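The next block holds one structure in the form of structure tokens; read it before the comments.
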Amino acid sequence: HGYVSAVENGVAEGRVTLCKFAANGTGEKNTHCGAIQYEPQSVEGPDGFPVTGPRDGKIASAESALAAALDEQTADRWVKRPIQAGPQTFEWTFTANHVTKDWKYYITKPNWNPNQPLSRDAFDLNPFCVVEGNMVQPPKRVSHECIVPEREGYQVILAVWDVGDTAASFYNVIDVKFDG
Ligand SMILES: [Ca+2]
Ligand SMILES: [Cu+2]
Numbered sequence: 570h571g572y573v574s575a576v577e578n579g580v581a582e583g584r585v586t587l588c589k590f591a592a593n594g595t596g597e598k599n600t601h602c603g604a605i606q607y608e609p610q611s612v613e614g615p616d617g618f619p620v621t622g623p624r625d626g627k628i629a630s631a632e633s634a635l636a637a638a639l640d641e642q643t644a645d646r647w648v649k650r651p652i653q654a655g656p657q658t659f660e661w662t663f664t665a666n667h668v669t670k671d672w673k674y675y676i677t678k679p680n681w682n683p684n685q686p687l688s689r690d691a692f693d694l695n696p697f698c699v700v701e702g703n704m705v706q707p708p709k710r711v712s713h714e715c716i717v718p719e720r721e722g723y724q725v726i727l728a729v730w731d732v733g734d735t736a737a738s739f740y741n742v743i744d745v746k747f748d749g
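Shown next, in the form of structure tokens:
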């Protein structure tokens, strides 16, 4: 159990994280998140996106009944966090730092449609960042240095934490705003 955070080093909090914790700097929160707002660490879903795992339209919730509210997708629905292309650091905070297979990060395609539910077709399925977990426990907070591709405007990053000793992964979408 854990979530994408910006407590020590991260560039942008997960969408679910902002249902509970105020955004760095602005204090913005996401609203009307349903029950997941009390446990942003619990967006747990089946392994194997995009081959298996959460189906289209259920990616942001990872098919969790707790997090169903996160599957809404419009241009204005969610708090967007500023980002730039190039080197950036993403951060996970774990309430339970399970043995880890890897972390993978995907970004939406340049001309994705922010006004329809998220789907495999919205994302570049070639992950822009992969971090090996080596089937060991990570520390309770980790920072991953990634190269973020060039984009304009509103984009979504999908961060996947694959727990190595269960058939489950944690799925945190991130709402980011590039210049332009
Ligand atoms: Ca797993
Ligand atoms: Cu857990």
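Sequential numbering of the sequence shown, starting at 570, is according to the numbering used here. Ideal placement from N, C-alpha and C gives every residue a C-beta, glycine not left out.
Pair within 8 Å by beta-carbon distance, residue i and residue j
| i | j | result |
| --- | --- | --- |
| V648 | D734 | no |
| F659 | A728 | yes |
| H667 | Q610 | no |
| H713 | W681 | no |
| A581 | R650 | yes |
| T643 | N593 | no |
Three-state class that DSSP yields for residue i in the structure shown
| i | result |
| --- | --- |
| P651 | strand |
| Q606 | helix |
| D640 | helix |
| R710 | strand |
| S574 | strand |
| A737 | strand |
| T658 | strand |
| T677 | strand |
Beta carbon proximity, residue i to chain D, threshold 8 Å
| i | result |
| --- | --- |
| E701 | Protein chains in the displayed structure number just one, and chain D is not present. |
Residue(s) in a DSSP beta bridge with residue i
| i | result |
| --- | --- |
| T669 | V705 and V732 |
| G596 | Paired residues: none, contrary to the question. |
| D744 | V725 |
| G622 | None, per the DSSP bridge assignment. |
| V700 | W672 |
| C715 | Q657 |
Beta-carbon separation (whole angstroms), residue i vs residue j, contact threshold 8 Å
| i | j | result |
| --- | --- | --- |
| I628 | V742 | 7 Å |
Legend entry - Inter-stretch contact at 8 Å, needing at least 3 Cβ pairs: the region 735-742 / the region 597-607: no
Inset, instruction - Indicate whether the contact test is met: 3 or more Cβ pairs, each with one atom in the region 615-630 and one in the region 676-696, closer than 8 Å. - result: yes
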